[PDB]
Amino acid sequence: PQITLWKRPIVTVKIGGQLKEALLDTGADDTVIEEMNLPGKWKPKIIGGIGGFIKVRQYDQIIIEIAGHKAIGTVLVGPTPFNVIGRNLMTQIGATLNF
């Protein structure tokens, strides 16, 4: 699709077998999802945004389906009220910025 930027670029994604809403964020290195149980082992990570740093749990080889594309890679689980899809997964589905 071509997503315009009049509003926040929030789309539906599939994680854990369920549909969720997440913002496609070209300014995010990483994918960060609100608290939830994921399969497997995790490692601590610290990530920084506009207001400073938070601690999150890093899960590897997590599948998130986006527009029919299966991206697989690192997903961070943190205390955020939303889901952010970062570049690490958007690269896998072929997402580009165009102007």
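Start at 1 with the first residue shown and count on from there.
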Select between 38 to 46 and 70 to 78 the stretch whose C-alpha atoms have the higher average B-factor in the entry.
-> 38 to 46
Would you mind comparing 50 to 58 and 25 to 33 for me and telling me which has the higher average C-alpha temperature factor in the entry?
-> 50 to 58
Relative to the other modelled residues of the same chain, rank the CA B-factor of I93 and answer lowest, middle or highest third.
-> highest
Among the chain's modelled residues, which third holds the C-alpha B-factor of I15?
-> highest
